[PDB]
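In the block that follows, a single chain appears as structure tokens, in the form deposited in one PDB entry.
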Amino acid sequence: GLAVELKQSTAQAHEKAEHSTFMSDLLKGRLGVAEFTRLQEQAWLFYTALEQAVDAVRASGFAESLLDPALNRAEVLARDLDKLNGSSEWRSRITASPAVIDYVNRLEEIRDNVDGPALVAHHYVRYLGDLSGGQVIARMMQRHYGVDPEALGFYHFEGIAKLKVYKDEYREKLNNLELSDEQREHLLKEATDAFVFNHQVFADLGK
């Protein structure tokens, strides 16, 4: 089934992402709220772009039940970043890292091509990770850095009650998607590139 083949085909990359120097230092408590904030600011850039692609693919009629607007992160993230930074200053100050310029360009290509299979790959890499390892990250930021839970909206998924059921249902939606051989191959390849872009976001933050 597709959910299983996704998890399998990216499990090695996921292990490598765990061991990125930036993210490893962050989660062991060696950095601080400033570096978590730098990450969130890059993520607001790529989630803005991802959610434009989502919106395009949802409107085309592809994977509609999977692309639940409730998952949208960008506006919650911006509220988090208002709290973390103390003001709206960050909006004119932030710039995309080179890793983010590549990731955003790919998401804009998927948007304008309305490429349903490529979009579902990027949707799985980001949102199932947020829904799945996100508490771990939200707990670490609270424990090591004292980040207020109100600045971790991104991880809360307001509007979802039973989270484990939602995850189960998300993976059943992936399994039930109609895909040709060419579309499934393209989706799997894109999921590998999604992890590659994410890992390079951390590499660039660590510079």
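Counting begins at 1, following the sequence as shown. Throughout, rigid core stands for the largest set of C-alpha atoms superposing within 1.5 Å between the two forms.
Note on 87 to 95 vs 109 to 117: mean CA B-factor is higher in 87 to 95.
Look at the C-alpha B-factors of 125 to 133 and of 78 to 86. On average they run higher in 78 to 86. Between the residues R38, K28, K173, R58, it is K173 that shows the highest Cα B-factor in the PDB record. For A11, the recorded CA temperature factor ranks within the highest third of the chain's modelled residues.
Compared with the other modelled residues of the chain, the Cα B-factor recorded for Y166 ranks in the middle third. Annotation for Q42: C-alpha temperature factor in the lowest third relative to the rest of the modelled chain, per the entry.
Remark: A53 belongs to the lowest third of its chain, ranked by C-alpha B-factor as recorded. Placement of the Cα temperature factor of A191 within the chain: lowest third of the modelled residues, per the deposited record.
In what follows, reference is made to the form deposited in another entry, a form of this protein that is not presented.
For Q183, a C-alpha deviation below 2 angstroms is recorded between the shown form and the other one after rigid-core alignment. Once both forms are fitted on their core, a CA shift of 2 Å or more is seen for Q12 between the shown form and the other one. Figure legend: C-alpha atoms of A99 and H19, shown here, are separated by at least 3 angstroms less in the other form. In the other form, the CA atoms of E18 and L71 move apart by 3 angstroms or more relative to this form.
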